[PDB]
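Next comes just one chain, in structure tokens: the form deposited in one PDB entry.
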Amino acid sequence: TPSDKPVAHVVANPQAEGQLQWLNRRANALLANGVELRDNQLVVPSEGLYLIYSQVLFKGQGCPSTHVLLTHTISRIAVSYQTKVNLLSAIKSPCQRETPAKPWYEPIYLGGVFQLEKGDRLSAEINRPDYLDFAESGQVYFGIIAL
């Protein structure tokens, strides 16, 4: 007997270099029990507590002249207040000292439990899609699990 628990696990489209497009129409990606993926956002089918999680992986070849700041943020767009409200956020400075060139890898993980309402849209965005590494699978993803 399958679970009736709203769950989703969507992955970065590896073809869309220079963008962060979430896919459920990809191997080992899913939407279950009412969760929808609409306009790059997960739509919550019913109210309740949910675990929200996401990982992005950033990669760079050395350290450039201008300082790099990498951000990943998970936003909620409620039906009654249709503006992005941050739930989870994290910032990283991959290069402490600039190159006076070794590849660096910086994962950003976000996860937490939030009360969500029916129709809430969830966004998961980065500031630098040009640094995102999603060629190999399993590195960039975004999911929910209803408690």
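Rigid core (definition): largest C-alpha set, two forms, superposition within 1.5 Å. From 1 onward, residues are counted along the sequence shown.
Participant: Of the other PDB entries for this protein whose models extend past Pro100 on both sides, does at least a third leave it without coordinates?
Facilitator: Across the other compared entries, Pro100 is absent from at least a third.
Participant: How about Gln55: is it missing from at least a third of the other entries compared?
Facilitator: Across the other compared entries, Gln55 is absent from none.
Participant: Please compare 51-59 with 81-89 and name the stretch with the higher mean C-alpha B-factor in the deposited structure.
Facilitator: Comparing 51-59 with 81-89, the higher average CA B-factor belongs to 81-89.
Participant: Quick one: higher average CA temperature factor, 102-110 or 22-30?
Facilitator: Between 22-30 and 102-110, it is 102-110.
Participant: Relative to the other modelled residues in the chain, which third contains the C-alpha temperature factor of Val11: lowest, middle or highest?
Facilitator: Answer is lowest: the recorded C-alpha B-factor places it there.
Participant: Pull the Cα B-factor of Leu132 out of the PDB entry and bin it into the chain's lowest, middle or highest third.
Facilitator: According to the entry, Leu132 has a C-alpha B-factor in the chain's middle third.
Participant: Compared with the other modelled residues in the chain, in which third is the CA B-factor of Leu122?
Facilitator: For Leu122, the deposited C-alpha B-factor lands in the middle third.
Participant: Among the modelled residues of this chain, does the Cα B factor of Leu69 put it in the lowest, middle or highest third?
Facilitator: Ranked within chain, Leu69 CA B lands in the highest tercile.
Participant: Test of reading the entry: by CA B factor among the chain's modelled residues, which third contains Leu42?
Facilitator: Lowest third of the chain for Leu42's C-alpha B-factor.
Beyond the structure shown, there is the form deposited in another entry, which is absent from this document and is the topic of what follows.
Participant: Just one of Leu57, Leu110, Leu31, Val43 has a CA that shifts 2 Å or more between this form and the one not shown on a core fit; which is it?
Facilitator: Result of the comparison: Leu31.
Participant: So with the core overlaid, does the Cα of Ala135 end up 2 Å or more away between this form and the one not shown?
Facilitator: After core superposition, the displacement of the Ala135 C-alpha between this form and the one not shown reaches the 2 Å mark, so yes.
Participant: Work out the direction of the Cα-Cα change for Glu125 and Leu31 in the other form: closer or farther than in this form? It's 3 angstroms or more.
Facilitator: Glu125 and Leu31 sit farther apart in the other form.
Participant: By 3 Å or more, the Cα spacing of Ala27 and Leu49 differs in the other form; is it closer or farther than in this view?
Facilitator: Distance between the C-alphas of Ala27 and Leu49: shorter in the other form, by 3 Å or more.
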